[PDB]
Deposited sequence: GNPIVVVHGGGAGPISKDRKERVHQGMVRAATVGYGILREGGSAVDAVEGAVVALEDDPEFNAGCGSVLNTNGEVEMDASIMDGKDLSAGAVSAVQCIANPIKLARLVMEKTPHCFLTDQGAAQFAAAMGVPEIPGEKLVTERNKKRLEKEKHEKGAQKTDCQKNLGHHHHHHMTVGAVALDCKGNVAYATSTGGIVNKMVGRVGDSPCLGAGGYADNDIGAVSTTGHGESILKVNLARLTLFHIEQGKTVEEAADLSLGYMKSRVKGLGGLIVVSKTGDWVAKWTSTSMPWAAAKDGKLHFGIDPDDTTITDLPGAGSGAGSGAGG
């Protein structure tokens, strides 16, 4: 009947008003892909993957090109993707030297009997699937070099509901700035970086991964919904619990199986967008929600 996609570009401090425009374009671009896949009758899984591939490639976002740097100034990436129909799933942690982690995560889903590969095994699998190796400097940006140095001297996602009622999520990240080598956050961990179940809804998360893991943020959001809460309530309760119980900030996007959706966050901002019923909703701060009529 009425497909939806929601996308997020990761929490942040306040954002430079020039930088906000480039971020807006990034988000819109990703929603346009996601929504276009759904409008032709494609699947929720291809919709979330396509949106996330766009944000990975866009260097304003901490995923793929533009990933934050680890303690050695290198890019190490996590991702996962999940289909709500049968709960099948794919994820990779600590991958290096590839453009699109979410696409390697989909290959784990489709081409192996496992849901999760890491580091060397993931690199081997990538090679065996013909994924091209790109040099790591390609993913490093100047903004992120300076962000590393500042921090020493002292994530993207999408969910969707498709024409057949299937839901799905995808989440991809470079991590947190100055993380230890081989540190793994919530983003590749089912129930933490996201969760997708046709009997409830789908969620993708962002923020302090350690906190997100300790509270199982994605799955916890969906529990509240199983208990009769609205998506707005579910998101406020889960993010509030993470704040009070473990002093962790972040955000998330959710879509229930009936088409209700929301974006919430406890950081200052989280770039988000949603496309539904021929309308594109967009925001960054809790002030500035725009609705744009699309054709349709």
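Q: What are the unmodelled segments when the structure is compared with the full deposited sequence, in sequence order?
A: Since the structure holds only modelled residues, the stretches it omits are 155-174, 317-327.
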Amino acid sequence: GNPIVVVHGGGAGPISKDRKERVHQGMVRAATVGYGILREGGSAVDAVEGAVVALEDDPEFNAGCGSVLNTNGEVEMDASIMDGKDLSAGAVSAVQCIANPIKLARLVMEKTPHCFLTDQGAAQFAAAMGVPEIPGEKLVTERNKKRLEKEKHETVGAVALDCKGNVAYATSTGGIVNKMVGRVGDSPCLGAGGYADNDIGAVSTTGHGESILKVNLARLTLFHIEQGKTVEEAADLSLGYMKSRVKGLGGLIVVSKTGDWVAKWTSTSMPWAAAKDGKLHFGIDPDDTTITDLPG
From here on, numbers count along this sequence of modelled residues.
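We call the rigid core whatever largest set of C-alpha positions still superposes within 1.5 Å between the two forms.
Q: Would you say which of 188-196 and 136-144 moves more relative to the shown form in 5 other deposited structures of this protein, going by RMS C-alpha distance with the core superposed?
A: Once the core is superposed, the stretch further away in 5 other deposited structures of this protein is 136-144.
Q: To spell it out: superpose each other structure in 5 other deposited structures of this protein onto this one by the rigid core, compute Cα RMS over structures and residues for 78-86 and for 145-153. Which is larger?
A: Stretch with the higher C-alpha RMS distance in 5 other deposited structures of this protein: 145-153.
Q: Where do the C-alpha atoms have the higher mean temperature factor in this entry, in 34-42 or in 266-274?
A: The recorded data point to 266-274.
Q: Quick check: 68-76 versus 202-210, which has the larger average CA B-factor in the record?
A: In the deposited entry, the stretch with the higher C-alpha B-factor mean is 68-76.
Q: When the CA B-factors of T155, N100, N144, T112 are compared as recorded in the entry, which is the largest?
A: Among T155, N100, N144, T112, the PDB entry lists the largest C-alpha B-factor for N144.
Q: Looking at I81, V140, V215, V108, which has the biggest Cα B factor in the entry?
A: Among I81, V140, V215, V108, the highest C-alpha B-factor in the entry belongs to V140.
Q: Sorting the chain's CA B-factors, does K150 end up in the lowest, middle or highest third?
A: Highest third - that is where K150 ends up once the chain's C-alpha B-factors are sorted.
Q: Check where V92 lands among this chain's C-alpha B-factors and tell me if it's the lowest, middle or highest third.
A: For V92, the deposited C-alpha B-factor lands in the lowest third.
Q: Relative to the other modelled residues of the same chain, rank the CA B-factor of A196 and answer lowest, middle or highest third.
A: Its C-alpha B-factor belongs to the lowest third of this chain's values.
Q: With respect to C-alpha B-factor, does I291 fall in the lowest, middle or highest third of the chain as deposited?
A: It falls in the top third of the chain.
Q: If you rank every modelled residue in this chain by C-alpha B factor, which third holds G50: lowest, middle or highest?
A: Lowest third, going by the recorded CA B-factors of the chain.
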